[PDB]
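For reference, the structure is listed below as structure tokens.
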Amino acid sequence: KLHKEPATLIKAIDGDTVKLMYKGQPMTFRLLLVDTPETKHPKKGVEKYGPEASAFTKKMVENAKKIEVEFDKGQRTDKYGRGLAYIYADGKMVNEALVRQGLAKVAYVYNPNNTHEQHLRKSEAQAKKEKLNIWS
């Protein structure tokens, strides 16, 4: 079973990436299962809804009383050294919140880190249906 652990916000970096203090260790965390428009995307640069998805994540974590990380059951860091987790802001999952606002798409998943994939696909379908932001 998955469990949430405490972390401390250091700095939000993008819509899908935040830097946290985890177990006395400064780390960059990549949000599991979501692809958000980017402001600092390798080739494309600043994509549409990038600043929005970025401001949303930032607001959500910065105004939180408690930040928690929940690792899935597969590997916990990607090839770039980024922790792969579901991030919770005062009990609300940032990953799902972005998808629900149409500020993110559910990422292509196959590997063992897929526990909340269905839940996210449900929020994305709702967001699409409501024609929100990315889906407008």
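Just remember, in the structure tokens the first chain shown is A, the second B, etc., residues are 1-based per chain, and ligands are 1-based in the order shown.
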>> Can you tell me which residues surround residue A:58 at a distance of at most 9 Å, considering only C-alpha atoms, apart from same-chain residues fewer than 5 positions away, and format the answer as a VMD selection string?
In response: chain A and resid 11 to 15 18 53 63
Grab the residues selected above and save them as a PDB file, in the first residue's frame with C-alpha atoms.
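Final output, result35.pdb:
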ATOM      1  CA  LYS A  11      10.696  26.171  -4.646  1.00  0.00           C
ATOM      2  CA  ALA A  12       8.111  25.464  -7.398  1.00  0.00           C
ATOM      3  CA  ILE A  13       9.832  25.198 -10.786  1.00  0.00           C
ATOM      4  CA  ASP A  14       7.232  24.413 -13.429  1.00  0.00           C
ATOM      5  CA  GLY A  15       3.714  23.088 -13.637  1.00  0.00           C
ATOM      6  CA  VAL A  18       8.711  21.304  -7.732  1.00  0.00           C
ATOM      7  CA  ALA A  53      -0.173  25.487 -15.213  1.00  0.00           C
ATOM      8  CA  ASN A  63      -0.119  28.394   0.257  1.00  0.00           C
TER       9      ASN A  63
END
>> If we count only C-alpha atoms and set the cut-off at 9 Å, which residues sit around residue A:121, ignoring sequence neighbours fewer than 3 positions away in its own chain? Please answer as a PyMOL selection string.
In response: chain A and resi 99+105-106+116-118+124-126
Same residues, N, CA and C atoms, saved as a tab-separated table (two decimals), in the first residue's frame:
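Result written to part_2.tsv:
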chain	number	residue	atom	x	y	z
A	99	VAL	N	-5.03	18.26	-13.63
A	99	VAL	CA	-5.79	17.53	-14.62
A	99	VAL	C	-7.24	18.02	-14.59
A	105	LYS	N	-2.54	16.94	-19.10
A	105	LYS	CA	-3.04	15.73	-19.73
A	105	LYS	C	-2.48	14.57	-18.92
A	106	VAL	N	-3.19	13.45	-18.87
A	106	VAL	CA	-2.70	12.28	-18.15
A	106	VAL	C	-1.60	11.71	-19.06
A	116	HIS	N	-2.74	5.55	-9.49
A	116	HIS	CA	-3.86	6.50	-9.64
A	116	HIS	C	-4.15	6.86	-11.07
A	117	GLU	N	-3.79	6.01	-12.01
A	117	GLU	CA	-4.02	6.34	-13.40
A	117	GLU	C	-5.51	6.49	-13.75
A	118	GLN	N	-6.35	5.58	-13.24
A	118	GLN	CA	-7.78	5.62	-13.53
A	118	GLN	C	-8.44	6.85	-12.96
A	124	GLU	N	-9.68	14.02	-16.08
A	124	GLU	CA	-9.35	14.56	-17.40
A	124	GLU	C	-10.57	14.51	-18.31
A	125	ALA	N	-11.33	13.42	-18.21
A	125	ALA	CA	-12.52	13.26	-19.02
A	125	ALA	C	-13.53	14.34	-18.60
A	126	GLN	N	-13.61	14.64	-17.30
A	126	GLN	CA	-14.52	15.68	-16.83
A	126	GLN	C	-14.08	17.03	-17.35
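Between atom CA of residue A:89 and atom CA of residue A:65 the interatomic distance comes to 7.6 Å.
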>> Please compute the atom CA of residue A:56-atom CA of residue A:1 distance, one decimal, in Å.
In response: 29.0 Å
> Quick one: of A:91, A:26, A:51, A:112, who's nearest to residue A:38, counting only C-alpha atoms?
Replying inline: A:51
>> What's around residue A:4 at 12 Å? Count only C-alpha atoms, leave out sequence neighbours fewer than 5 positions away in its own chain, and write the answer as a PyMOL selection string.
In response: chain A and resi 22+66-72+85-93
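Restricting the calculation to only C-alpha atoms, the smallest distance between residue A:2 and any of A:115, A:57, A:78, A:62 is found for A:115.
Within stretch 28-134 of chain A, DSSP applied to the backbone places the following residues in strand (DSSP E or B): residues 28, 29, 30, 31, 34, 35, 41, 45, 67, 68, 69, 70, 71, 77, 83, 84, 85, 86, 87, 88, 89, 92, 93, 105 and 106 of chain A.
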> Can you list, as a PyMOL selection string, every protein, DNA or RNA residue that comes within 7 Å of residue A:50 when you count only C-alpha atoms, leaving out same-chain residues fewer than 3 positions away?
Replying inline: chain A and resi 37-39+46-47+53-54
Let me see the file: selected residues, N, CA, C and O atoms, as a PDB file, in the first residue's frame.
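Full text of result.pdb as output:
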ATOM      1  N   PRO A  37       1.680  21.871 -19.816  1.00  0.00           N
ATOM      2  CA  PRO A  37       2.322  22.681 -20.848  1.00  0.00           C
ATOM      3  C   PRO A  37       3.531  23.293 -20.143  1.00  0.00           C
ATOM      4  O   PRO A  37       3.473  23.600 -18.949  1.00  0.00           O
ATOM      5  N   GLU A  38       4.628  23.464 -20.860  1.00  0.00           N
ATOM      6  CA  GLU A  38       5.820  23.979 -20.228  1.00  0.00           C
ATOM      7  C   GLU A  38       6.192  25.388 -20.592  1.00  0.00           C
ATOM      8  O   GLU A  38       5.767  25.925 -21.608  1.00  0.00           O
ATOM      9  N   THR A  39       6.947  25.986 -19.681  1.00  0.00           N
ATOM     10  CA  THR A  39       7.489  27.325 -19.812  1.00  0.00           C
ATOM     11  C   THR A  39       8.961  27.120 -20.212  1.00  0.00           C
ATOM     12  O   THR A  39       9.528  27.898 -20.984  1.00  0.00           O
ATOM     13  N   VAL A  46       8.189  28.071 -24.258  1.00  0.00           N
ATOM     14  CA  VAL A  46       6.998  28.410 -23.461  1.00  0.00           C
ATOM     15  C   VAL A  46       5.719  28.120 -24.254  1.00  0.00           C
ATOM     16  O   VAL A  46       5.335  28.882 -25.141  1.00  0.00           O
ATOM     17  N   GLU A  47       5.072  27.010 -23.932  1.00  0.00           N
ATOM     18  CA  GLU A  47       3.855  26.599 -24.613  1.00  0.00           C
ATOM     19  C   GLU A  47       2.620  27.253 -24.016  1.00  0.00           C
ATOM     20  O   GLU A  47       2.662  27.771 -22.897  1.00  0.00           O
ATOM     21  N   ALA A  53      -0.401  26.744 -15.924  1.00  0.00           N
ATOM     22  CA  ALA A  53      -0.173  25.487 -15.213  1.00  0.00           C
ATOM     23  C   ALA A  53       0.911  25.703 -14.181  1.00  0.00           C
ATOM     24  O   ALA A  53       0.809  25.222 -13.071  1.00  0.00           O
ATOM     25  N   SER A  54       1.901  26.508 -14.538  1.00  0.00           N
ATOM     26  CA  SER A  54       3.013  26.851 -13.654  1.00  0.00           C
ATOM     27  C   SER A  54       2.543  27.696 -12.447  1.00  0.00           C
ATOM     28  O   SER A  54       2.928  27.423 -11.310  1.00  0.00           O
TER      29      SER A  54
END
>> Could you go through stretch 16-71 of chain A and tell me which residues DSSP, when run on the backbone, assigns to alpha helix (DSSP H), listing them as a VMD selection string?
In response: chain A and resid 50 to 62
Only N, CA, C and O atoms, please: the residues just picked out, written as a compact mmCIF listing (two decimals), in the first residue's frame.
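What landed in again-v4.txt:
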# COMPACT_ATOMS: atom_id res chain seq x y z
N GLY A 50 1.26 27.15 -20.36
CA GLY A 50 2.45 26.84 -19.59
C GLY A 50 2.52 27.71 -18.35
O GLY A 50 2.66 27.18 -17.25
N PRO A 51 2.43 29.05 -18.49
CA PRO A 51 2.48 30.00 -17.37
C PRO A 51 1.33 29.78 -16.38
O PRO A 51 1.49 29.98 -15.18
N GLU A 52 0.18 29.39 -16.92
CA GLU A 52 -1.01 29.11 -16.13
C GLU A 52 -0.80 27.85 -15.28
O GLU A 52 -1.00 27.87 -14.06
N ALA A 53 -0.40 26.74 -15.92
CA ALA A 53 -0.17 25.49 -15.21
C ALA A 53 0.91 25.70 -14.18
O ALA A 53 0.81 25.22 -13.07
N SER A 54 1.90 26.51 -14.54
CA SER A 54 3.01 26.85 -13.65
C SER A 54 2.54 27.70 -12.45
O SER A 54 2.93 27.42 -11.31
N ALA A 55 1.68 28.69 -12.68
CA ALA A 55 1.18 29.53 -11.59
C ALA A 55 0.26 28.74 -10.67
O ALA A 55 0.24 28.96 -9.47
N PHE A 56 -0.52 27.84 -11.25
CA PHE A 56 -1.44 27.02 -10.49
C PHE A 56 -0.67 26.15 -9.47
O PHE A 56 -0.92 26.23 -8.26
N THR A 57 0.28 25.35 -9.95
CA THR A 57 1.09 24.49 -9.08
C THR A 57 1.75 25.31 -7.98
O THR A 57 1.64 25.00 -6.80
N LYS A 58 2.38 26.41 -8.38
CA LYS A 58 3.05 27.34 -7.47
C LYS A 58 2.13 27.85 -6.35
O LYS A 58 2.48 27.82 -5.17
N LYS A 59 0.94 28.29 -6.72
CA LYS A 59 -0.02 28.81 -5.76
C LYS A 59 -0.43 27.71 -4.80
O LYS A 59 -0.43 27.90 -3.58
N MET A 60 -0.72 26.54 -5.36
CA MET A 60 -1.15 25.40 -4.58
C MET A 60 -0.17 24.95 -3.54
O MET A 60 -0.56 24.66 -2.42
N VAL A 61 1.12 24.90 -3.88
CA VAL A 61 2.12 24.45 -2.92
C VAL A 61 2.57 25.54 -1.98
O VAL A 61 2.80 25.29 -0.80
N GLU A 62 2.65 26.77 -2.48
CA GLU A 62 3.10 27.87 -1.66
C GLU A 62 2.14 28.24 -0.55
O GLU A 62 2.57 28.68 0.51
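With distances taken over only C-alpha atoms, A:8 is the one residue among A:123, A:136, A:25, A:8 lying closest to residue A:64.
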>> I'd like the neighbourhood of residue A:76 as a PyMOL selection string, where a residue qualifies if any of its atoms comes within 9 Å (using only C-alpha atoms), though same-chain residues fewer than 6 positions away should be ignored.
In response: chain A and resi 82-85+113
Keeping only N, CA and C atoms, write those residues as an mmCIF file, in the first residue's frame.
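Written output follows (again39.cif):
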data_model
loop_
_atom_site.group_PDB
_atom_site.id
_atom_site.type_symbol
_atom_site.label_atom_id
_atom_site.label_comp_id
_atom_site.auth_asym_id
_atom_site.auth_seq_id
_atom_site.Cartn_x
_atom_site.Cartn_y
_atom_site.Cartn_z
ATOM 1 N N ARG A 82 15.187 12.893 -10.652
ATOM 2 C CA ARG A 82 14.003 13.491 -10.063
ATOM 3 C C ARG A 82 13.104 12.458 -9.383
ATOM 4 N N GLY A 83 12.673 12.747 -8.156
ATOM 5 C CA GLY A 83 11.757 11.856 -7.459
ATOM 6 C C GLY A 83 10.443 11.792 -8.241
ATOM 7 N N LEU A 84 9.809 10.635 -8.280
ATOM 8 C CA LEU A 84 8.562 10.502 -9.012
ATOM 9 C C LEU A 84 7.517 10.268 -7.963
ATOM 10 N N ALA A 85 6.649 11.252 -7.763
ATOM 11 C CA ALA A 85 5.622 11.122 -6.746
ATOM 12 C C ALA A 85 4.322 11.859 -7.032
ATOM 13 N N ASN A 113 4.454 2.435 -11.995
ATOM 14 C CA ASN A 113 3.970 3.640 -11.321
ATOM 15 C C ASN A 113 2.682 4.084 -11.989
#
